[PDB]
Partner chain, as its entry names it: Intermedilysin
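First comes one chain, alone, set out as structure tokens in the form deposited without the partner chain.
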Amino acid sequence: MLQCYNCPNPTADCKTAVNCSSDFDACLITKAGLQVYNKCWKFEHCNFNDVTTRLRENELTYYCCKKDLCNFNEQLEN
């Protein structure tokens, strides 16, 4: 298992640590406008097409990693 911060809805400070299911091999943190997403994710989906479409967001920056709780917000700039 990989541990990630994971919140089902976007929020300013997601600190809910989850033990991701085995289908997830990465953590994701995305800043889309004023919203922030933190999710258990899949490396295969660490690209603009898969992030934008799944979150239904247009403009965004994303950061994927594979270390426990690595998807903290400060991984991305303002």
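Numbering follows the first chain given and starts at 1.
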property: Mean C-alpha B-factor comparison - 7-15 and 55-63, higher one; result: 7-15
property: Residue 47 CA temperature factor, ranked by third within the chain; result: middle
property: Third of the chain's Cα B-factor distribution that residue 40 belongs to, per the entry; result: middle
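Not on display, but discussed next: the form deposited with the partner chain bound.
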property: Residue contact check: residue 14 to the partner chain in the deposited bound form, 4.5 Å heavy atom; result: yes
property: Residues in 41-78 with any heavy atom within 4.5 Å of the partner chain in the deposited bound form; result: 72, 73, 74
